[PDB]
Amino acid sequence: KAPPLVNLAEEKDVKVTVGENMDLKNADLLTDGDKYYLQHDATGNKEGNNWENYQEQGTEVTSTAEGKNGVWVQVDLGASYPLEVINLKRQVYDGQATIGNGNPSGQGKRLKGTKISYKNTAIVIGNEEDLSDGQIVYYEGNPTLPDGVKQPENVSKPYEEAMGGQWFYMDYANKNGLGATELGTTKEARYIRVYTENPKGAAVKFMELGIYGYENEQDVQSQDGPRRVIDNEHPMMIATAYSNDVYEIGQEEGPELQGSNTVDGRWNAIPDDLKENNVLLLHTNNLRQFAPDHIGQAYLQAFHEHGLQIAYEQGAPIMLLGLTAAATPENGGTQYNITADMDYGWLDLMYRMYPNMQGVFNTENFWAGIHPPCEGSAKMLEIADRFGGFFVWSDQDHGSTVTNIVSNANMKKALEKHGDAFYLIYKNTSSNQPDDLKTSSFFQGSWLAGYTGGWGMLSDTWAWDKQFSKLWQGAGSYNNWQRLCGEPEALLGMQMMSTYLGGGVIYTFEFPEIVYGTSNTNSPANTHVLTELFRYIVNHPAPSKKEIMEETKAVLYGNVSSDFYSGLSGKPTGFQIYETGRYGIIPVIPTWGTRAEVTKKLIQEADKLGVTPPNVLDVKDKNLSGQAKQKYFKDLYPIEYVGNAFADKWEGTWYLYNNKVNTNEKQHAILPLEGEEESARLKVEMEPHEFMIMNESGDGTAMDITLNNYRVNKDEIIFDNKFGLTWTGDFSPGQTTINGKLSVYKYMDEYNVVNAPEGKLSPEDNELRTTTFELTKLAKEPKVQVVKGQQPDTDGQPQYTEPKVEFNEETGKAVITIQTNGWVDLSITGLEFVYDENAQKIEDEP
């Protein structure tokens, strides 16, 4: 299936001509779709241990006219087509480029040599073969134009030839044809002529003339609003499609992903009803890592083009990894990733070509550099918003991440004009640094003041590696690939719940092969936790900006202390969860401007939402000290419930979890219930790795409860290593993936499989844990039933027991007990609450 914008120069049966006193050699090379001319694609673009050299091939046009070196080449498309983009590449280097040292020194490789700056370059298009009706796309120097074509008033200056060529668009008033246009800005032409003079000789090597357009005017596109909405009513889950680091340009099959996954495979594993709230993130991973300019650019473009094309045929919306490890074409950039060889003209083209192209993703740049990734991000945010796309920046903030983003003049300007398309999500990879809660505060704060379009989460099972191993145990001396597998599945649900209640709208998980799955199947975590809770979040919109602003009495400004949250919402664990919902996330506005500037911005946002502005406090305010903060916040936000469990009430629904990450302790929540009887109480008691959603009928007679405590036991299969998997960071001979990764894949493929067929193992999820509910004070026994519950795997073992009800006629206390490992939907009916003079008081301690 063809996308609407095509390279007509490649797709059509074109005729190539030159002018009088010119020789034309190898005319086919101009429109063969090849800008790089690589020879060793079959051996990782290496001869032995060395990267193949850059050897430039191209259509040669040579002047045979005495004293006149200027040449031209014309393409006849065979009919008149709406044209939108032209890509010209000529020979880049005067002689042969050599492979030399890049960044970092001794790993990164960069081409070295003298680059050519061509002169008397012009592009003319028209519908007459002699171009007597010619229109100028580009004009530099003083080449003689066709009879009937006037010189422009505005003339371009020479540029240095580049690995990706030059990009031209159809508005001469927009940087003299170099300025990117709105989608569907076209001019009709059959004939395209390129003038060039080589500064040294009478011969120009034309490596590629790409001519991008439509079959007809009916196909010409328009950007009519955003490609997708991201907000409380339109949440988005991102799943990362990592290259397995194996690819050959021209291969028939799709790009192979980690864990025998494919782009079409991952898309087709998503339930149909959630496809409108999902995107796939194409990530180059370590594909051709450290390669010089020609190999890096060729593989960056081929990998993403192939992914985009498969996604286009399947109807999958796509994000591209724009930048990690400061690997950007900008000055000071590294070659840690082939994103170093990004061409902004190509990125623009992918938006024009692929209607399913939506987003650009940035993560983990600042460890390797500050300003280069800010310069790259500024341009890519501008490109995204031009095409109604979006940009996601994922990082943990120690106190200077957002400060550094906004300190870049170009990024600041880009955020002022395009900030509504820009989203900040946390990343708890470094769980050992207690920066999880302040990161959420910074990102919610940025959105609430109106600097960004939203905030969200990336939960990483690498968080487990930094602290824990077996259930209830510390890290020990296990291999880090073992500890990556150790995180409780329900804990991912608790994090989702916490993001949701803070008006988060983006949900992302790593490691992808554990949290989403392998071999184009769904993991236990995905099937029994992520998919179910994300469906809830799609059908029950999160708090809007209006709803969060309404409930916020105080916003902080500046670099909030990591431990500010201890004695308030909870001690930072590195796992993005809370001890209570009483205070929400607590928005902290980073250094987007002075305190006075962010204040104006926040109060003007509140005014737009039609709500009372919050008070702004500097983090250094005397009321926010260790001694004063509890009294200040307790007076602002009334207590909603009593107990050491997490609980929040949002739009009539209760949300709870046990907030212990890896210590085996029960917690309880005591909730005041709706209805005529104000003394009515529910007490919930939960063991760790459990979340719960409760909705009262309102008339006081009934209550629906969904709980989910799904957890696979890894103690024997992963940590004891019962099947003798090789857990190392090393490659085995002839393998292209390290043993640690292979063992994770094999674990997910053989030993931890949902509906495990013959010869594979059901997940180790059959040990049930007790939840107890106490309802007081009642006149008679209530009725409890399981409306729906999690069904057994192929081993036939139950994931829940029938609930047991005990009613004491003397006290009027109903105790309801159930054992689960997974989810159940309970319906409690026949509730008749009477006055309880002993009802737990919903108040703070004296």
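Start at 1 and count along the sequence shown; that's the residue number.
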On mean C-alpha B-factor from the PDB entry, just flag whether 16 to 24 or 819 to 827 is the higher one. 16 to 24
Could you settle it for me: does 442 to 450 or 725 to 733 have the higher average Cα B factor in the PDB entry? 725 to 733
From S394, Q218, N526, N232, residue of greatest CA B-factor: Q218
Candidate set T339, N362, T508, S117 [ranked by C-alpha B-factor, highest]: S117
CA B-factor placement of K200, once the chain's modelled residues are sorted into thirds: highest
Among modelled residues of the same chain, the CA temperature factor third for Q223: highest
Using only modelled residues of the chain, where does the Cα B factor of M163 rank: lowest third, middle third or highest third? middle
Among the chain's modelled residues, which third holds the C-alpha B-factor of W72? highest
Please rank the C-alpha B-factors of the chain's modelled residues and tell me whether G259 sits in the lowest, middle or highest third. middle
